[PDB]
$ cat model_39.cif   # mmCIF, C-alpha atoms; chains and numbers go by the auth columns
data_upload
#
loop_
_atom_site.group_PDB
_atom_site.id
_atom_site.type_symbol
_atom_site.label_atom_id
_atom_site.label_comp_id
_atom_site.label_asym_id
_atom_site.label_seq_id
_atom_site.Cartn_x
_atom_site.Cartn_y
_atom_site.Cartn_z
_atom_site.B_iso_or_equiv
_atom_site.auth_seq_id
_atom_site.auth_asym_id
ATOM 1 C CA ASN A 1 6.472 7.163 16.450 0.00 734 A
ATOM 2 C CA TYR A 2 4.314 5.998 13.498 0.00 735 A
ATOM 3 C CA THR A 3 2.203 3.222 11.938 0.00 736 A
ATOM 4 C CA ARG A 4 3.697 0.921 9.302 0.00 737 A
ATOM 5 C CA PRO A 5 2.374 0.958 5.723 0.00 738 A
ATOM 6 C CA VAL A 6 1.038 -2.341 4.500 0.00 739 A
ATOM 7 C CA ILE A 7 1.811 -3.777 1.068 0.00 740 A
ATOM 8 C CA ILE A 8 -0.033 -6.869 -0.055 0.00 741 A
ATOM 9 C CA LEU A 9 1.408 -8.586 -3.118 0.00 742 A
ATOM 10 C CA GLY A 10 0.250 -11.451 -5.306 0.00 743 A
ATOM 11 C CA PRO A 11 -3.206 -12.579 -6.418 0.00 744 A
ATOM 12 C CA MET A 12 -6.100 -11.474 -4.146 0.00 745 A
ATOM 13 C CA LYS A 13 -4.327 -8.299 -3.006 0.00 746 A
ATOM 14 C CA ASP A 14 -7.126 -6.062 -4.344 0.00 747 A
ATOM 15 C CA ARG A 15 -9.772 -8.001 -2.433 0.00 748 A
ATOM 16 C CA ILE A 16 -7.636 -8.010 0.719 0.00 749 A
ATOM 17 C CA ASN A 17 -6.913 -4.294 0.476 0.00 750 A
ATOM 18 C CA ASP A 18 -10.580 -3.351 0.006 0.00 751 A
ATOM 19 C CA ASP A 19 -11.650 -5.677 2.786 0.00 752 A
ATOM 20 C CA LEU A 20 -9.216 -4.314 5.395 0.00 753 A
ATOM 21 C CA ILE A 21 -10.104 -0.717 4.515 0.00 754 A
ATOM 22 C CA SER A 22 -13.860 -1.132 4.658 0.00 755 A
ATOM 23 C CA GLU A 23 -13.808 -3.425 7.712 0.00 756 A
ATOM 24 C CA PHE A 24 -11.421 -1.226 9.719 0.00 757 A
ATOM 25 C CA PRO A 25 -11.672 2.355 8.394 0.00 758 A
ATOM 26 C CA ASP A 26 -9.778 3.916 11.301 0.00 759 A
ATOM 27 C CA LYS A 27 -6.898 1.449 11.091 0.00 760 A
ATOM 28 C CA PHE A 28 -6.298 1.330 7.334 0.00 761 A
ATOM 29 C CA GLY A 29 -6.464 3.925 4.617 0.00 762 A
ATOM 30 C CA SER A 30 -5.062 4.945 1.279 0.00 763 A
ATOM 31 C CA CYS A 31 -2.855 7.943 0.682 0.00 764 A
ATOM 32 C CA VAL A 32 -3.377 10.747 -1.847 0.00 765 A
ATOM 33 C CA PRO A 33 -1.286 10.330 -5.021 0.00 766 A
ATOM 34 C CA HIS A 34 -0.065 13.275 -7.102 0.00 767 A
ATOM 35 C CA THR A 35 -1.004 13.623 -10.745 0.00 768 A
ATOM 36 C CA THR A 36 -0.578 16.130 -13.555 0.00 769 A
ATOM 37 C CA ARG A 37 -3.770 14.896 -15.330 0.00 770 A
ATOM 38 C CA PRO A 38 -6.885 17.089 -15.558 0.00 771 A
ATOM 39 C CA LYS A 39 -9.508 16.542 -12.907 0.00 772 A
ATOM 40 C CA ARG A 40 -13.032 15.323 -13.300 0.00 773 A
ATOM 41 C CA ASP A 41 -15.835 17.470 -11.890 0.00 774 A
ATOM 42 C CA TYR A 42 -16.718 15.337 -8.891 0.00 775 A
ATOM 43 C CA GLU A 43 -13.030 14.893 -7.919 0.00 776 A
ATOM 44 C CA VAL A 44 -11.580 17.033 -5.114 0.00 777 A
ATOM 45 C CA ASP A 45 -8.018 18.360 -5.061 0.00 778 A
ATOM 46 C CA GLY A 46 -6.354 16.996 -1.928 0.00 779 A
ATOM 47 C CA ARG A 47 -8.784 14.125 -1.378 0.00 780 A
ATOM 48 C CA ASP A 48 -8.752 12.109 -4.585 0.00 781 A
ATOM 49 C CA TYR A 49 -5.452 13.344 -5.992 0.00 782 A
ATOM 50 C CA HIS A 50 -3.058 16.182 -5.434 0.00 783 A
ATOM 51 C CA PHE A 51 -3.637 17.856 -8.799 0.00 784 A
ATOM 52 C CA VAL A 52 -0.343 19.349 -9.844 0.00 785 A
ATOM 53 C CA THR A 53 -0.308 22.137 -12.426 0.00 786 A
ATOM 54 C CA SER A 54 3.419 22.335 -13.130 0.00 787 A
ATOM 55 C CA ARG A 55 4.627 19.224 -14.933 0.00 788 A
ATOM 56 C CA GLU A 56 8.137 20.717 -14.705 0.00 789 A
ATOM 57 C CA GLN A 57 7.910 20.781 -10.916 0.00 790 A
ATOM 58 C CA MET A 58 6.584 17.217 -10.812 0.00 791 A
ATOM 59 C CA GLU A 59 9.513 16.038 -12.932 0.00 792 A
ATOM 60 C CA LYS A 60 11.810 17.881 -10.536 0.00 793 A
ATOM 61 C CA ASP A 61 10.344 16.254 -7.422 0.00 794 A
ATOM 62 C CA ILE A 62 10.495 12.862 -9.117 0.00 795 A
ATOM 63 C CA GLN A 63 14.195 13.269 -10.000 0.00 796 A
ATOM 64 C CA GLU A 64 14.824 14.377 -6.410 0.00 797 A
ATOM 65 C CA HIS A 65 13.191 11.247 -4.940 0.00 798 A
ATOM 66 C CA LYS A 66 10.050 12.687 -3.387 0.00 799 A
ATOM 67 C CA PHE A 67 8.135 9.638 -4.628 0.00 800 A
ATOM 68 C CA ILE A 68 8.292 5.959 -3.690 0.00 801 A
ATOM 69 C CA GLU A 69 6.540 5.138 -6.952 0.00 802 A
ATOM 70 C CA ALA A 70 6.050 7.335 -9.996 0.00 803 A
ATOM 71 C CA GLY A 71 5.330 6.831 -13.688 0.00 804 A
ATOM 72 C CA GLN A 72 3.609 7.961 -16.861 0.00 805 A
ATOM 73 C CA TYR A 73 0.079 6.914 -17.932 0.00 806 A
ATOM 74 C CA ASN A 74 -1.841 8.493 -20.861 0.00 807 A
ATOM 75 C CA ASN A 75 0.928 11.105 -21.097 0.00 808 A
ATOM 76 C CA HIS A 76 0.380 12.349 -17.578 0.00 809 A
ATOM 77 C CA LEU A 77 2.658 11.831 -14.634 0.00 810 A
ATOM 78 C CA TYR A 78 1.473 10.092 -11.490 0.00 811 A
ATOM 79 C CA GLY A 79 3.243 9.448 -8.202 0.00 812 A
ATOM 80 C CA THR A 80 2.836 8.185 -4.662 0.00 813 A
ATOM 81 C CA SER A 81 4.809 10.515 -2.423 0.00 814 A
ATOM 82 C CA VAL A 82 6.693 9.847 0.796 0.00 815 A
ATOM 83 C CA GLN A 83 4.886 12.784 2.353 0.00 816 A
ATOM 84 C CA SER A 84 1.466 11.328 1.427 0.00 817 A
ATOM 85 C CA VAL A 85 2.322 7.958 2.939 0.00 818 A
ATOM 86 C CA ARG A 86 3.672 9.751 5.998 0.00 819 A
ATOM 87 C CA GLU A 87 0.426 11.760 6.347 0.00 820 A
ATOM 88 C CA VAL A 88 -1.576 8.555 6.718 0.00 821 A
ATOM 89 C CA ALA A 89 1.076 6.942 8.954 0.00 822 A
ATOM 90 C CA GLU A 90 1.144 9.751 11.559 0.00 823 A
ATOM 91 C CA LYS A 91 -2.649 9.708 11.798 0.00 824 A
ATOM 92 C CA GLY A 92 -2.271 6.176 13.155 0.00 825 A
ATOM 93 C CA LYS A 93 -3.341 4.082 10.168 0.00 826 A
ATOM 94 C CA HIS A 94 -1.676 1.429 8.082 0.00 827 A
ATOM 95 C CA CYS A 95 -1.267 2.966 4.649 0.00 828 A
ATOM 96 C CA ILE A 96 -2.513 0.349 2.240 0.00 829 A
ATOM 97 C CA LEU A 97 -0.260 0.577 -0.795 0.00 830 A
ATOM 98 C CA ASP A 98 -0.459 -1.026 -4.220 0.00 831 A
ATOM 99 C CA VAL A 99 3.110 -0.615 -5.456 0.00 832 A
ATOM 100 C CA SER A 100 5.992 -2.660 -6.884 0.00 833 A
ATOM 101 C CA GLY A 101 8.586 -4.525 -4.826 0.00 834 A
ATOM 102 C CA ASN A 102 11.121 -1.790 -5.592 0.00 835 A
ATOM 103 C CA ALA A 103 9.032 0.586 -3.501 0.00 836 A
ATOM 104 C CA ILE A 104 9.600 -1.551 -0.387 0.00 837 A
ATOM 105 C CA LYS A 105 13.261 -0.592 -0.101 0.00 838 A
ATOM 106 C CA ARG A 106 12.467 3.074 -0.711 0.00 839 A
ATOM 107 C CA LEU A 107 9.911 3.120 2.089 0.00 840 A
ATOM 108 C CA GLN A 108 12.430 1.351 4.355 0.00 841 A
ATOM 109 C CA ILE A 109 15.044 3.987 3.572 0.00 842 A
ATOM 110 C CA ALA A 110 12.427 6.698 4.094 0.00 843 A
ATOM 111 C CA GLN A 111 11.934 5.146 7.570 0.00 844 A
ATOM 112 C CA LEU A 112 8.358 4.084 6.879 0.00 845 A
ATOM 113 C CA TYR A 113 9.178 0.426 7.289 0.00 846 A
ATOM 114 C CA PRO A 114 6.494 -1.510 5.440 0.00 847 A
ATOM 115 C CA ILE A 115 4.828 -4.746 6.457 0.00 848 A
ATOM 116 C CA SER A 116 5.072 -6.575 3.128 0.00 849 A
ATOM 117 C CA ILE A 117 2.917 -9.664 2.651 0.00 850 A
ATOM 118 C CA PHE A 118 3.080 -11.876 -0.426 0.00 851 A
ATOM 119 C CA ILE A 119 0.054 -14.126 -0.914 0.00 852 A
ATOM 120 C CA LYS A 120 1.511 -17.129 -2.748 0.00 853 A
ATOM 121 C CA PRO A 121 -0.946 -19.192 -4.862 0.00 854 A
ATOM 122 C CA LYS A 122 -1.273 -22.969 -4.682 0.00 855 A
ATOM 123 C CA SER A 123 -1.579 -22.872 -8.480 0.00 856 A
ATOM 124 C CA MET A 124 -5.395 -22.443 -8.521 0.00 857 A
ATOM 125 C CA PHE A 125 -0.169 -16.623 -12.535 0.00 876 A
ATOM 126 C CA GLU A 126 3.418 -16.986 -13.799 0.00 877 A
ATOM 127 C CA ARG A 127 3.773 -13.294 -12.967 0.00 878 A
ATOM 128 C CA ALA A 128 3.417 -14.316 -9.302 0.00 879 A
ATOM 129 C CA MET A 129 6.128 -16.962 -9.600 0.00 880 A
ATOM 130 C CA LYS A 130 8.853 -14.569 -10.746 0.00 881 A
ATOM 131 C CA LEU A 131 7.666 -11.864 -8.358 0.00 882 A
ATOM 132 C CA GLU A 132 8.359 -14.251 -5.498 0.00 883 A
ATOM 133 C CA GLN A 133 11.821 -14.997 -6.858 0.00 884 A
ATOM 134 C CA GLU A 134 12.607 -11.283 -7.236 0.00 885 A
ATOM 135 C CA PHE A 135 11.562 -9.851 -3.861 0.00 886 A
ATOM 136 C CA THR A 136 11.761 -12.954 -1.656 0.00 887 A
ATOM 137 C CA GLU A 137 14.340 -11.216 0.527 0.00 888 A
ATOM 138 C CA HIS A 138 12.100 -8.182 1.029 0.00 889 A
ATOM 139 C CA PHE A 139 8.884 -9.916 2.242 0.00 890 A
ATOM 140 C CA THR A 140 7.771 -9.615 5.861 0.00 891 A
ATOM 141 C CA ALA A 141 5.839 -12.843 5.280 0.00 892 A
ATOM 142 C CA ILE A 142 4.327 -15.315 2.859 0.00 893 A
ATOM 143 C CA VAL A 143 0.710 -16.383 3.258 0.00 894 A
ATOM 144 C CA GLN A 144 -0.856 -19.396 1.595 0.00 895 A
ATOM 145 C CA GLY A 145 -4.447 -20.484 2.050 0.00 896 A
ATOM 146 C CA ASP A 146 -7.244 -22.564 0.616 0.00 897 A
ATOM 147 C CA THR A 147 -10.076 -20.206 1.535 0.00 898 A
ATOM 148 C CA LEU A 148 -10.100 -16.409 1.215 0.00 899 A
ATOM 149 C CA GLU A 149 -11.363 -16.078 4.804 0.00 900 A
ATOM 150 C CA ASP A 150 -8.383 -18.134 5.952 0.00 901 A
ATOM 151 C CA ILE A 151 -5.975 -15.993 3.908 0.00 902 A
ATOM 152 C CA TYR A 152 -7.578 -12.813 5.254 0.00 903 A
ATOM 153 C CA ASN A 153 -7.253 -13.762 8.926 0.00 904 A
ATOM 154 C CA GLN A 154 -3.615 -14.805 8.441 0.00 905 A
ATOM 155 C CA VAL A 155 -2.970 -11.394 6.890 0.00 906 A
ATOM 156 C CA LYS A 156 -4.653 -9.555 9.781 0.00 907 A
ATOM 157 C CA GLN A 157 -2.742 -11.686 12.324 0.00 908 A
ATOM 158 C CA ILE A 158 0.627 -10.843 10.726 0.00 909 A
ATOM 159 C CA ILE A 159 -0.191 -7.127 10.765 0.00 910 A
ATOM 160 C CA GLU A 160 -1.082 -7.546 14.448 0.00 911 A
ATOM 161 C CA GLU A 161 2.209 -9.302 15.318 0.00 912 A
ATOM 162 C CA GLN A 162 4.405 -6.925 13.311 0.00 913 A
ATOM 163 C CA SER A 163 2.913 -3.585 14.284 0.00 914 A
ATOM 164 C CA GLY A 164 2.725 -4.278 18.011 0.00 915 A
ATOM 165 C CA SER A 165 -0.810 -2.864 18.038 0.00 916 A
ATOM 166 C CA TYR A 166 -4.160 -4.721 17.863 0.00 917 A
ATOM 167 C CA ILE A 167 -6.341 -4.001 14.849 0.00 918 A
ATOM 168 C CA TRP A 168 -9.555 -5.166 16.530 0.00 919 A
ATOM 169 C CA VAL A 169 -10.418 -6.148 20.102 0.00 920 A
ATOM 170 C CA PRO A 170 -13.482 -8.164 21.191 0.00 921 A
ATOM 171 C CA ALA A 171 -15.714 -5.954 23.317 0.00 922 A
ATOM 172 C CA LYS A 172 -15.377 -8.149 26.374 0.00 923 A
ATOM 173 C CA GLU A 173 -11.607 -8.302 25.984 0.00 924 A
ATOM 174 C CA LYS A 174 -11.371 -4.519 26.359 0.00 925 A
ATOM 175 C CA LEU A 175 -10.351 -4.496 30.010 0.00 926 A
#
$ encode --input "model_39.cif" --output "structure tokens"
Amino acid sequence: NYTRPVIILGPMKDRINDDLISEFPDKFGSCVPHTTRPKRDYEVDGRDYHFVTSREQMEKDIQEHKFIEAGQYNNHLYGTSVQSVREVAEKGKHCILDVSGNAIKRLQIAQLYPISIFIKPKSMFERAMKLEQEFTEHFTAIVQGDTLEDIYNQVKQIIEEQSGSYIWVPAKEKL
């Protein structure tokens, strides 16, 4: 079938995302967003972004629900497409996504059922409080922790349980 996208929410999600990706490159990855913005020289079309030349066409695909998340930034359109998430999923990797709660439902409907993990602070912000109240019903799990190592392992363990596939296997346990 496919591999489920992963969406970390709450404080520490950027550190958790980066850590997962760099620790397990063949299990986690990001997808390629579309944009209508100009490219920089070192950027590569299809690797960094899908550089789109027709803003009209982008607006059309947005209105026709090709994107799980889309918006305007410095007068250019950006979007994370279902197809892009699917292209990571089929290659056997959890697509790490940094998107709003509203994207969760869309991915579910698109049949890319996300593992959504909210990392809830022990108060050491208010943005996180209301976020929890808004998408409580959509979270796969809630993780709280004192240390970041503790939080990280809980996250990995949930992904393990929910995907039905081990992220990492001790060498000796590979039998």
$ resolve_selection --input "model_39.cif" --expression "the PyMOL selection byres ((chain A and resi 895) around 7)" --output "list in words"
residues 852, 853, 854, 893, 894, 896 and 902 of chain A
$ resolve_selection --input "model_39.cif" --expression "the PyMOL selection byres ((chain A and resi 776-781) around 9)" --output "MDAnalysis selection string"
chainID A and resid 764:767 772:775 782:784
$ atom_distance --input "model_39.cif" --atom1 "CA of residue 747 in chain A" --atom2 "CA of residue 831 in chain A"
8.4 Å
$ closest_residue --input "model_39.cif" --among "A:749, A:743, A:812, A:924" --to "residue 881 in chain A" --atoms "all atoms listed in the file"
A:743
$ closest_residue --input "model_39.cif" --among "A:802, A:762, A:913, A:907" --to "residue 846 in chain A" --atoms "all atoms listed in the file"
A:913
$ closest_residue --input "model_39.cif" --among "A:809, A:855, A:827, A:793" --to "residue 910 in chain A" --atoms "all atoms listed in the file"
A:827
$ closest_residue --input "model_39.cif" --among "A:900, A:912, A:752, A:759" --to "residue 822 in chain A" --atoms "only C-alpha atoms"
A:759
$ closest_residue --input "model_39.cif" --among "A:833, A:899, A:738, A:768" --to "residue 815 in chain A" --atoms "only C-alpha atoms"
A:738
$ closest_residue --input "model_39.cif" --among "A:891, A:884, A:916, A:805" --to "residue 740 in chain A" --atoms "all atoms listed in the file"
A:891
$ atom_distance --input "model_39.cif" --atom1 "CA of residue 756 in chain A" --atom2 "CA of residue 879 in chain A"
26.5 Å
$ build_atoms --input "model_39.cif" --residues "range 809-826 of chain A" --atoms "N, CA, C and O atoms" --output "PDB file, keeping the file's coordinate frame"
ATOM      1  N   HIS A 809       0.326  11.550 -18.784  1.00  0.00           N
ATOM      2  CA  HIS A 809       0.380  12.349 -17.578  1.00  0.00           C
ATOM      3  C   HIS A 809       1.239  11.647 -16.556  1.00  0.00           C
ATOM      4  O   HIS A 809       1.359  10.417 -16.557  1.00  0.00           O
ATOM      5  N   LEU A 810       1.855  12.427 -15.682  1.00  0.00           N
ATOM      6  CA  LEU A 810       2.658  11.831 -14.634  1.00  0.00           C
ATOM      7  C   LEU A 810       1.791  11.557 -13.431  1.00  0.00           C
ATOM      8  O   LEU A 810       0.853  12.312 -13.137  1.00  0.00           O
ATOM      9  N   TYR A 811       2.112  10.465 -12.747  1.00  0.00           N
ATOM     10  CA  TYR A 811       1.473  10.092 -11.490  1.00  0.00           C
ATOM     11  C   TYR A 811       2.568   9.740 -10.475  1.00  0.00           C
ATOM     12  O   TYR A 811       3.681   9.354 -10.854  1.00  0.00           O
ATOM     13  N   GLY A 812       2.259   9.829  -9.189  1.00  0.00           N
ATOM     14  CA  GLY A 812       3.243   9.448  -8.202  1.00  0.00           C
ATOM     15  C   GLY A 812       2.670   9.316  -6.818  1.00  0.00           C
ATOM     16  O   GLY A 812       1.800  10.097  -6.431  1.00  0.00           O
ATOM     17  N   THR A 813       3.156   8.320  -6.078  1.00  0.00           N
ATOM     18  CA  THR A 813       2.836   8.185  -4.662  1.00  0.00           C
ATOM     19  C   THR A 813       3.987   8.742  -3.819  1.00  0.00           C
ATOM     20  O   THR A 813       5.112   8.214  -3.841  1.00  0.00           O
ATOM     21  N   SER A 814       3.721   9.814  -3.085  1.00  0.00           N
ATOM     22  CA  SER A 814       4.809  10.515  -2.423  1.00  0.00           C
ATOM     23  C   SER A 814       5.062  10.027  -0.995  1.00  0.00           C
ATOM     24  O   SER A 814       4.152   9.548  -0.310  1.00  0.00           O
ATOM     25  N   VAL A 815       6.317  10.154  -0.570  1.00  0.00           N
ATOM     26  CA  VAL A 815       6.693   9.847   0.796  1.00  0.00           C
ATOM     27  C   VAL A 815       5.819  10.638   1.743  1.00  0.00           C
ATOM     28  O   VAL A 815       5.298  10.102   2.709  1.00  0.00           O
ATOM     29  N   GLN A 816       5.668  11.924   1.467  1.00  0.00           N
ATOM     30  CA  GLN A 816       4.886  12.784   2.353  1.00  0.00           C
ATOM     31  C   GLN A 816       3.453  12.243   2.495  1.00  0.00           C
ATOM     32  O   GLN A 816       2.942  12.119   3.611  1.00  0.00           O
ATOM     33  N   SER A 817       2.834  11.866   1.383  1.00  0.00           N
ATOM     34  CA  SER A 817       1.466  11.328   1.427  1.00  0.00           C
ATOM     35  C   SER A 817       1.356  10.068   2.267  1.00  0.00           C
ATOM     36  O   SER A 817       0.409   9.905   3.026  1.00  0.00           O
ATOM     37  N   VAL A 818       2.307   9.156   2.103  1.00  0.00           N
ATOM     38  CA  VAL A 818       2.322   7.958   2.939  1.00  0.00           C
ATOM     39  C   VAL A 818       2.513   8.333   4.405  1.00  0.00           C
ATOM     40  O   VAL A 818       1.803   7.837   5.288  1.00  0.00           O
ATOM     41  N   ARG A 819       3.444   9.242   4.651  1.00  0.00           N
ATOM     42  CA  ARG A 819       3.672   9.751   5.998  1.00  0.00           C
ATOM     43  C   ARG A 819       2.427  10.420   6.618  1.00  0.00           C
ATOM     44  O   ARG A 819       2.220  10.354   7.830  1.00  0.00           O
ATOM     45  N   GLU A 820       1.589  11.050   5.798  1.00  0.00           N
ATOM     46  CA  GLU A 820       0.426  11.760   6.347  1.00  0.00           C
ATOM     47  C   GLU A 820      -0.652  10.792   6.832  1.00  0.00           C
ATOM     48  O   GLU A 820      -1.391  11.093   7.763  1.00  0.00           O
ATOM     49  N   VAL A 821      -0.723   9.620   6.216  1.00  0.00           N
ATOM     50  CA  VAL A 821      -1.576   8.555   6.718  1.00  0.00           C
ATOM     51  C   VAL A 821      -0.940   7.892   7.951  1.00  0.00           C
ATOM     52  O   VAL A 821      -1.616   7.627   8.945  1.00  0.00           O
ATOM     53  N   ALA A 822       0.365   7.638   7.879  1.00  0.00           N
ATOM     54  CA  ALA A 822       1.076   6.942   8.954  1.00  0.00           C
ATOM     55  C   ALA A 822       0.947   7.640  10.309  1.00  0.00           C
ATOM     56  O   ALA A 822       0.589   7.007  11.299  1.00  0.00           O
ATOM     57  N   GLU A 823       1.214   8.945  10.334  1.00  0.00           N
ATOM     58  CA  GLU A 823       1.144   9.751  11.559  1.00  0.00           C
ATOM     59  C   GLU A 823      -0.256   9.864  12.149  1.00  0.00           C
ATOM     60  O   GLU A 823      -0.409  10.150  13.325  1.00  0.00           O
ATOM     61  N   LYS A 824      -1.274   9.660  11.326  1.00  0.00           N
ATOM     62  CA  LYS A 824      -2.649   9.708  11.798  1.00  0.00           C
ATOM     63  C   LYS A 824      -3.048   8.362  12.393  1.00  0.00           C
ATOM     64  O   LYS A 824      -4.202   8.161  12.773  1.00  0.00           O
ATOM     65  N   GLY A 825      -2.091   7.437  12.451  1.00  0.00           N
ATOM     66  CA  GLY A 825      -2.271   6.176  13.155  1.00  0.00           C
ATOM     67  C   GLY A 825      -2.850   5.027  12.350  1.00  0.00           C
ATOM     68  O   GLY A 825      -3.392   4.083  12.922  1.00  0.00           O
ATOM     69  N   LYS A 826      -2.721   5.084  11.025  1.00  0.00           N
ATOM     70  CA  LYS A 826      -3.341   4.082  10.168  1.00  0.00           C
ATOM     71  C   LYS A 826      -2.319   3.411   9.275  1.00  0.00           C
ATOM     72  O   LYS A 826      -1.370   4.039   8.818  1.00  0.00           O
TER      73      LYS A 826
END
